[PDB]
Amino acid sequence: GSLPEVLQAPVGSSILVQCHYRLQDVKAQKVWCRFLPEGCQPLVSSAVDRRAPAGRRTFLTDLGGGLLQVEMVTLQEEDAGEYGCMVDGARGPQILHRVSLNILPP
């Protein structure tokens, strides 16, 4: 729909996000990116069954079969912002899902 996934988390908490892609696209790389003024900046790309790190606290795992698991662990203040899951295969890139992460005040 119209809005991203909207999350609220205090510093130190952890989240699990699931992005979904088409079965036709198992072989394509997928990407976790951060929305910045220029565009959605790629942070890490996926590989089937591999837990792929971005930074120190984010991990992207393509399980196969259409599931793209995201983990963001022990959140820090600077993690606040909006992120995307993208598919980047031969028919051109698509944004699968957006995630707005709001870090709660102390």
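Numbering starts at 1 and runs along the sequence shown.
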| query | finding |
| --- | --- |
| Comparing 63-71 with 50-58, the one whose average Cα B-factor in the PDB entry is higher | 50-58 |
| Residue range whose averaged C-alpha B-factor is higher in the record, 22-30 or 41-49 | 22-30 |
| Chain thirds of CA B-factor: placement of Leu7 | middle |
| Third of chain Cα B-factors occupied by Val99 | lowest |
| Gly92 CA temperature factor, ranked by third within the chain | middle |
